[PDB]
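Chemist: Take this structure first; my questions come after.
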Amino acid sequence: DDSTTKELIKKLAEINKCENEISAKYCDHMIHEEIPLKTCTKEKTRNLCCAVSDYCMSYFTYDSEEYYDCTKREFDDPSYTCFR
Ligand SMILES: [Ca+2]
């Protein structure tokens, strides 16, 4: 559920950062285009993005509809202060 997802995501962000190449590249694109940098450092925002991607990739195939939906849902959630 949402509480669990957000906790996993924040912890992965702290622990894993952007150590996964595929997520790092996706997130480099997202920061450039789709996610504003204004509220948090570039590093913090990127690491949270990479966590979103790794979390979603743990359920769904990279670049599948479900993966895109899952990552967008988190990026669009106004409660992520770094993404807003
Ligand atoms: Ca930082």
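For the structure tokens, the naming scheme is as follows: chains receive sequential letters (A, B, ...) according to their order of presentation, residues are indexed from 1 within each chain, and ligands are indexed from 1 in presentation order.
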Check every protein, DNA and RNA residue against ligand 1, keep those with an atom at most 12 Å away (counting only C-alpha atoms and all ligand atoms), and present them as a CSV table (one decimal) with N, CA, C and O atoms, in the first residue's frame.
Modeler:
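For reference, selection36.csv as written:
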chain,number,residue,atom,x,y,z
A,13,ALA,N,16.3,5.1,-1.8
A,13,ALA,CA,16.9,6.3,-2.2
A,13,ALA,C,18.2,6.6,-1.3
A,13,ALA,O,19.2,6.9,-1.9
A,14,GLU,N,18.1,6.4,0.0
A,14,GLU,CA,19.2,6.5,0.9
A,14,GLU,C,20.3,5.4,0.8
A,14,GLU,O,21.5,5.7,0.8
A,17,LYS,N,20.8,4.7,-3.7
A,17,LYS,CA,21.1,5.9,-4.5
A,17,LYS,C,20.8,5.6,-6.0
A,17,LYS,O,19.7,5.0,-6.3
A,39,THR,N,13.4,22.4,-5.1
A,39,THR,CA,13.1,22.2,-3.7
A,39,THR,C,14.2,21.4,-3.0
A,39,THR,O,14.4,21.6,-1.8
A,40,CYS,N,14.8,20.5,-3.7
A,40,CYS,CA,15.8,19.7,-3.1
A,40,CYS,C,17.1,19.8,-4.0
A,40,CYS,O,17.0,20.2,-5.2
A,41,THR,N,18.2,19.3,-3.5
A,41,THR,CA,19.4,19.3,-4.3
A,41,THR,C,19.2,18.4,-5.5
A,41,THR,O,18.4,17.4,-5.5
A,42,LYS,N,20.1,18.6,-6.5
A,42,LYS,CA,20.0,17.7,-7.7
A,42,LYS,C,20.3,16.3,-7.3
A,42,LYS,O,19.6,15.4,-7.7
A,43,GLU,N,21.3,16.0,-6.4
A,43,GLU,CA,21.6,14.7,-5.9
A,43,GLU,C,20.4,14.0,-5.2
A,43,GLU,O,20.1,12.8,-5.5
A,44,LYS,N,19.8,14.7,-4.3
A,44,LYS,CA,18.7,14.1,-3.5
A,44,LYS,C,17.5,13.7,-4.5
A,44,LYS,O,17.0,12.6,-4.4
A,45,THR,N,17.2,14.6,-5.4
A,45,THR,CA,16.1,14.5,-6.4
A,45,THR,C,16.4,13.3,-7.3
A,45,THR,O,15.6,12.4,-7.5
A,46,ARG,N,17.6,13.2,-7.8
A,46,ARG,CA,18.0,12.1,-8.7
A,46,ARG,C,18.0,10.8,-7.9
A,46,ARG,O,17.5,9.8,-8.5
A,47,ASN,N,18.4,10.8,-6.7
A,47,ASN,CA,18.5,9.5,-5.9
A,47,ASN,C,17.0,9.0,-5.6
A,47,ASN,O,16.7,7.8,-5.6
A,48,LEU,N,16.1,9.9,-5.4
A,48,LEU,CA,14.7,9.6,-5.1
A,48,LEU,C,14.1,9.1,-6.5
A,48,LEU,O,13.5,8.0,-6.5
A,82,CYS,N,10.4,16.7,-3.2
A,82,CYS,CA,11.5,16.9,-4.1
A,82,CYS,C,11.0,16.9,-5.6
A,82,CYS,O,11.7,17.4,-6.5
Chemist: If I take atom CA of residue A:16 and atom CA of residue A:51, how far is one from the other in Å, to one decimal?
Modeler: 7.4 Å
Chemist: Applying 10 Å and only C-alpha atoms, which residues near stretch 73-81 of chain A remain after dropping the ones on its own chain fewer than 5 positions away? List them as a count of residues only.
Modeler: 19
Chemist: As an exercise, work out the distance from atom CA of residue A:19 to atom CA of residue A:50 in Å and give it to one decimal place.
Modeler: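 Separating atom CA of residue A:19 from atom CA of residue A:50 is a distance of 8.3 Å.
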Chemist: To test your reading of the structure, identify every residue in chain A that backbone DSSP assigns to helix (DSSP H, G or I), and report it as a ChimeraX atom specification.
Modeler: /A:2-15,21-33,42-57,65-75
